[PDB]
Amino acid sequence: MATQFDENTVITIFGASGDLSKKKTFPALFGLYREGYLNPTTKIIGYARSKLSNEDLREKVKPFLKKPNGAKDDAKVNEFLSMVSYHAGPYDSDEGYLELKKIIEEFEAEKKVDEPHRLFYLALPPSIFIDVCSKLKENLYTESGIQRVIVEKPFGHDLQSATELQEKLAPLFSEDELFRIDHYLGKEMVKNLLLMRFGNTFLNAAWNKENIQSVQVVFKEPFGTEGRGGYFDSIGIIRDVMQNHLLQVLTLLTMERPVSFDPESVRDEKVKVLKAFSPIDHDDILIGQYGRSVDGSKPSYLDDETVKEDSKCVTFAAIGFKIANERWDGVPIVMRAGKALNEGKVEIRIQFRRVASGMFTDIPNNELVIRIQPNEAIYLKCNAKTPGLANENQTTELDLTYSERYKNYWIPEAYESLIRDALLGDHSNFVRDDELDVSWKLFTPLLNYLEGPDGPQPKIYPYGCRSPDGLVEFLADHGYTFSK
Ligand SMILES: O=P(O)(O)OC[C@H]1O[C@@H](O)[C@H](O)[C@@H](O)[C@@H]1O
């Protein structure tokens, strides 16, 4: 019921010369075009301070456009580049925006446009958002068209900084025009979660404290922070992926059902469950920093020449959560994220309860695993009678590998899906301001405690190991029952 952007839409990518723009934003715009979801009358404008030409931009991004049909669809590559142009100018001053206002109004007149449709993708750090947002609002805002601006996380590093950014942003652009990106919300398997649970009685009837023993959201990466240790030092793993990506996923797994079809009904339920989270217990935590591999082949986090040697930076964290409402009361929830472990994986693991006594209880807990990445899949640990004369249980792993169906369909990348959604005006996969506020109210006390003077020292774990010491115990302390 929001207006869709199709013909004669102008997409301006601010920060167009940067890494994010050339490796992600423009490649995503192309993928949408290559598969027929970007209208050919779309004007794509890259804006940045440097003084490059239309040729420079096109040749800068060309190495990153994806050709899944190989040398085929090469006309599409050149087709797309021909829709892309460049304008140089400062973010700090009105002359660039007035010059841009002229390029755009020229195009919106050469095509008979009664209602300008303008998307501004801000591929910039927040310290430059507010300037550009001011300038767009002072110079390039039409009360007789519709404009939408995309910004990407982070929006702050704690409650105070996030509040300050939003205080400056709110008088410039409303929630309806703002599209705040957490790119996990564009991943195919993350987008399936709501319909998977709410659309299937076989899961929804069990999705409650009466049947769930343990909820886990799991993030593992096999590499470390080498080279960028000094930057990561003020971030840490909790800020990097847990406060945003992992919290988003958990929110989709625990919210109640949206009662209407408005995208804001999705967002209302996410905010609602966020407010029911109890405060984080600062003791119910497992904090780790990666040391040298047992190998000797891999450096410690501190071996990084850009990291001070007394650094308490957390590169692995497991955190317990509790949600105080009727569905979740007393269910222990764990989010755990680490760099420099043994594999790359993002995964949801839900363990169901067993009855304590009776005939079909000498049997392992049912379990549901949803792999978000790498190999999108759903697995169910099930129980069944042994076929034939035998009257014993055997546990069966049911495979719902999505590779079956995906070799048939076009599965967009996160940014492709997300830009599409913005063009269609659908806020379902974007962060709202109260969502941001509550998520920072939840994590800031933990972050203040860890980074203050009494901040605990992370336990060291070797690069490449499965789990820091204490993890398996931590999980069993949070309702996970291990089995054969
Ligand atoms: O899992 P994805 O889609 O590759 O995203 C993971 C990355 O997400 C970013 O937000 C983090 O800052 C990175 O540290 C992390 O590696």
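Residues: numbered from 1 along the sequence shown.
- Counting all heavy atoms, side chain and backbone alike, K275 lies closest to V438 at N-CG1, 4.0 Å.
- The CG atom of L380 sits 7.0 Å away from the CG atom of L203 when rounded to the nearest 0.5 Å.
- Residues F179 and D421 approach most closely at CE2-O, 4.5 Å, considering heavy atoms.
- Under a cut-off of 6.0 angstrom, the local environment of CD in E473 is sparse, with at most 12 non-hydrogen atoms contributed by other residues, nucleotides or ligands.
- Between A317 and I238 the shortest heavy-atom distance is CB-CG1, 3.7 Å.
- Atom NZ of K312 is surrounded by more than 12 heavy atoms from other residues, nucleotides or ligands within 6.0 Å.
- Partners of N342 according to the side chain to side chain contact (heavy atoms under 4.5 Å, CB included) rule, which considers only residues two or more places apart in sequence or in another chain, are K220, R466.
- If you check the side chains of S297 and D295, you find a donor sitting under 3.5 Å from an acceptor.
- For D303 and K298, the salt-bridge test fails: no basic side-chain N is under 4.0 Å from an acidic carboxylate O.
- The closest side-chain donor-acceptor pair between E416 and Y33, if any, does not fall under 3.5 angstrom.
- The structure places CE of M196 at 6.0 Å from CG of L368, a figure rounded to the nearest 0.5 Å.
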Q.
For a side-chain hydrogen bond (donor to acceptor under 3.5 Å, both in side chains) check, start with the C-alpha distance between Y463 and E226, then their side-chain angles and the critical distance, and finish with the verdict.
A. CA-CA 11 Å; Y463 196 126; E226 312 99 310; 2.8 Å; yes

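- Side chain of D158 to main chain of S161: a donor-acceptor pair is present (N/O by atom type, distance under 3.5 Å, no hydrogens or angles).
- Between the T42 side chain and the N39 main chain, a donor and an acceptor come within less than 3.5 Å of each other.
- With sequence neighbours excluded, the residues that form a salt bridge (charged side-chain N to carboxylate O under 4.0 Å, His left out) with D437 are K441.
- Note that the CG atom of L247 and the CE atom of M335 stand 6.0 Å from one another [nearest 0.5 Å].
- Here the shortest heavy-atom pairing between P458 and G288 reads CB-C, 3.6 Å.
- Counting all heavy atoms, side chain and backbone alike, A318 lies closest to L471 at CB-CD2, 4.0 Å.
- Using a 30° and 60° split on the angle between ring planes, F443 and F321 fall in the tilted class, from 30° to 60°.
- If you check the side chains of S174 and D176, you find no donor sitting under 3.5 Å from an acceptor.
- Cation-pi geometry between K137 and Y141 is met: the NZ or CZ atom falls under 6.0 Å from the ring centre, inside 45° of the normal.
- To the nearest 0.5 Å, atom CG of residue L169 and atom CD1 of residue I130 are 5.0 Å apart.
- Pairs passing the ring pair (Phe, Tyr, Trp, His ring centres under 6.0 Å) check and including a residue from residues 152-176, sequence neighbours excluded, do not occur.
- In this structure, the side chain of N325 engages the main chain of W328 through a donor-acceptor pair within 3.5 Å.
- For the pair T444 (side chain) and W440 (backbone), a donor-acceptor distance under 3.5 Å is present.
- Taking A377 as the reference, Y379, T401 meet the side chain to side chain contact (heavy atoms under 4.5 Å, CB included) condition, with sequence neighbours excluded.
- What you find for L38 and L29 is that their closest heavy atoms are CD2-O, 3.6 Å.
- With hydrogens and angles disregarded, no donor-acceptor distance shorter than 3.5 Å links the side chain of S300 to the backbone of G291.
- A donor-acceptor contact under 3.5 angstrom links the side chains of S428 and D426, judged on distance only.
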Exercise. I would like to know whether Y290 and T225 meet side-chain hydrogen bond (donor to acceptor under 3.5 Å, both in side chains); could you show each step before the answer?
Key: CA-CA 10 Å; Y290 71 89; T225 60; 3.3 Å; yes

For residues 248-258, please give each side-chain donor-acceptor pair under 3.5 Å, one per line with the distance, not counting sequence neighbours.
residue : atom : partner : partner atom : Å
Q248    : OE1  : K270    : NZ           : 2.7
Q248    : NE2  : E435    : OE2          : 2.8
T254    : OG1  : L250    : O            : 2.9
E256    : OE1  : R327    : NE           : 3.4
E256    : OE1  : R327    : NH2          : 2.7
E256    : OE2  : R327    : NE           : 2.9
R257    : NH2  : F198    : O            : 3.2

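- Taking CD1 of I235 as the start and CZ of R228 as the end, the distance is 9.5 Å to the nearest 0.5 Å.
- A search for salt bridge (charged side-chain N to carboxylate O under 4.0 Å, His left out) contacts involving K23 returns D19, not counting sequence neighbours.
- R349 is linked by a salt bridge (charged side-chain N to carboxylate O under 4.0 Å, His left out) to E347, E367, counting only residues two or more places apart in sequence or in another chain.
- Residue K22 places its NZ atom among more than 12 non-hydrogen atoms of other residues, nucleotides or ligands, all under 6.0 Å distant.
- Screening residues 215-253 for ring pair (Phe, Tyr, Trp, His ring centres under 6.0 Å) gives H183-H245, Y184-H245 as the qualifying pairs, with residues at least two apart or on separate chains.
- In terms of modelled atom types and a separation under 3.5 Å, the side chain of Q289 and the main chain of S311 share a donor-acceptor contact.
- From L185, atom CG reaches atom CD1 of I181 across 9.5 Å, with rounding to the nearest 0.5 Å.
- In this structure a side-chain-to-backbone donor-acceptor pair under 3.5 Å is missing from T12 to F120.
- Contacts classified as ring pair (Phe, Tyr, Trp, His ring centres under 6.0 Å) and involving residues 247-269 (residues at least two apart or in different chains) are not found.
- With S417 contributing its side chain and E413 its backbone, the two residues share no donor-acceptor pair below 3.5 Å.
- Between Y406 and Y402, the ring-plane angle classifies as tilted under the 30° and 60° cut-offs.
- In terms of modelled atom types and a separation under 3.5 Å, the side chain of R353 and the main chain of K209 share a donor-acceptor contact.
- Residues passing the salt bridge (charged side-chain N to carboxylate O under 4.0 Å, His left out) test with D433, sequence neighbours excluded: none.
- Between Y47 and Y91, the ring-plane angle classifies as tilted under the 30° and 60° cut-offs.
- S439 and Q243 form a side-chain donor-acceptor contact under 3.5 Å, judged by distance and modelled atom types alone.
- The stretch residues 450-460 participates, sequence neighbours left out, in these side chain to side chain donor-acceptor pair (under 3.5 Å) pairs: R239-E451.
- By the 6.0 Å contact criterion, CD on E326 is open, its count of non-hydrogen atoms from other residues, nucleotides or ligands being 12 or less.
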### Task
Please test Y461 against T315 for side-chain contact (heavy atoms from CB on, under 4.5 Å), starting from the C-alpha separation and ending with a verdict.
CA-CA 10 Å; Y461 64 95; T315 67; 3.0 Å; yes

Please set out all donor-acceptor pairs under 3.5 angstrom arising from side-chain atoms of residues 358-366, sequence neighbours excluded.
residue : atom : partner : partner atom : Å
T361    : OG1  : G358    : O            : 2.8
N365    : ND2  : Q213    : OE1          : 2.8
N365    : ND2  : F352    : O            : 2.9
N366    : ND2  : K381    : O            : 3.0

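- With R267 contributing its side chain and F430 its backbone, the two residues share a donor-acceptor pair below 3.5 Å.
- Judged purely by distance below 3.5 Å, without hydrogens or angles, the side chains of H478 and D284 pair a donor atom with an acceptor atom.
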